[PDB]
Amino acid sequence: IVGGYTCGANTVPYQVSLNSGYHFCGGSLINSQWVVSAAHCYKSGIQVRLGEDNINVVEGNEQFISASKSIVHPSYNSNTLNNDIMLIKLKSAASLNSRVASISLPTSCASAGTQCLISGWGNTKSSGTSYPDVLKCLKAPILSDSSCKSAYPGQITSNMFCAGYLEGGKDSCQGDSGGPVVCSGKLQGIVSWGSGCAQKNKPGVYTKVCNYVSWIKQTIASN
Ligand SMILES: NCc1ccccc1
Ligand SMILES: [Ca+2]
Ligand SMILES: [Cl-]
């Protein structure tokens, strides 16, 4: 997260860290045994880390659970990043409490202008590399489809939306991928891609979760 602020220990209870010897992507807990993340975060040997704040120190409240299965959307395209969504099933159910809780799936899509909370342990610098120890937060509005498509001509599909600031300075970045975009208590987006980080006229692009609610529920129901 570039231009964000320290969230505060366990203030984003649904945030998860995907780990394989190091943090490589974020995710969101949607129920005691399932996590939603980005398809481009897929890899084998994933350990899901819940209740995390400082990812480099065991502080208490953490729950480490191996992924039993990762389900990349069958229509995921790695070149266009369309359908950039993945479901991860935990080997065992997480213990839900005030520090580890699930986030609700949307019943409807969010409109432009809606303020959302984006979080992650991604890069905090636009020009350079600097990874934080503690979870960073960022409040950012969903942009109009017109502005989004003008920023990325011919690259925005109906399954994506832009969020952030056109003047640059605040954005999601590498390492934040797969993380949550929560608006009004509902998971509306998944950190997916963009051109650089916090650059002028190049807002972050996110997977539009409201288009996948039926797919998520039907997939979870059969696994
Ligand atoms: N600034 C958007 C973004 C998100 C994840 C990775 C790279 C860039
Ligand atoms: Ca920790
Ligand atoms: Cl059905």
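Note that these values count all heavy atoms, side chains included, but never hydrogens, waters or copies made by symmetry. We count residues from 1, following the sequence as given. Note that ligands are numbered from 1 as they come in the structure, with each ligand's atoms numbered from 1 the same way.
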Which angle, to the nearest 10 degrees, do you find at the Ca ion (ligand 2) between OE2 in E62 and O in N54? 160°

Distance (rounded to the nearest 0.5 Å) between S192 OG and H40 NE2: 6.0 Å

Counting non-hydrogen protein atoms only, what is the nearest one to atom 7 (C) of ligand 1? Give residue, atom name and distance. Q174 N, 3.9 Å

Whether the side chain of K202 engages the backbone of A151 through a donor-acceptor N/O pair (distance < 3.5 Å, no angle test) should be reported. yes

Below 4.5 Å, heavy atoms only, C-beta onward: do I30 and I216 meet side chain to side chain? yes

Side chain to side chain contact (heavy atoms under 4.5 Å, CB included) between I103 and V182: does it pass, once the steps are laid out? CA-CA 8 Å; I103 184 64; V182 178; 4.0 Å; yes

Please confirm whether the backbone N or O of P13 pairs with a side-chain atom of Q15, one donor and one acceptor, at under 3.5 Å? no

For atom 8 (C) of ligand 1, find the nearest protein heavy atom and state the residue, atom name and distance (0.1 Å precision). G196 O, 3.5 Å

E62 side chain to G60 backbone, donor-acceptor under 3.5 Å: yes

With heavy atoms under 4.0 Å as the rule, classify the contact between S172 and ligand 1 as side chain, backbone, both or neither. both

From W34 atom CH2 to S28 atom OG, the distance as rounded to the nearest 0.5 Å: 15.0 Å

Just distances here: any N/O of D171 and N/O of ligand 1 closer than 3.5 Å? yes

Residue-level breakdown please: for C173 versus ligand 1, do any non-hydrogen atoms fall below 4.0 Å on the side chain, on the backbone, on both, or on neither? backbone

Within the 4.0 Å heavy-atom shell around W193, which atoms of ligand 1 are there? 2 (C), 3 (C)

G175 near ligand 1 by a heavy-atom separation under 4.0 Å: no

Close approach of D176 to ligand 1, heavy atoms, under 4.0 angstrom: no

Assign the ring pair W121 / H23 to parallel, tilted or perpendicular, where the plane angle (0 to 90°) is split at 30° and 60°. perpendicular

Angular separation of OE1 (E52) and O (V57) seen from the Ca ion (ligand 2), to 10°: 170°

Per-atom filter on ligand 1: closer than 4.0 angstrom to a heavy atom of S177 are 5 (C), 6 (C)

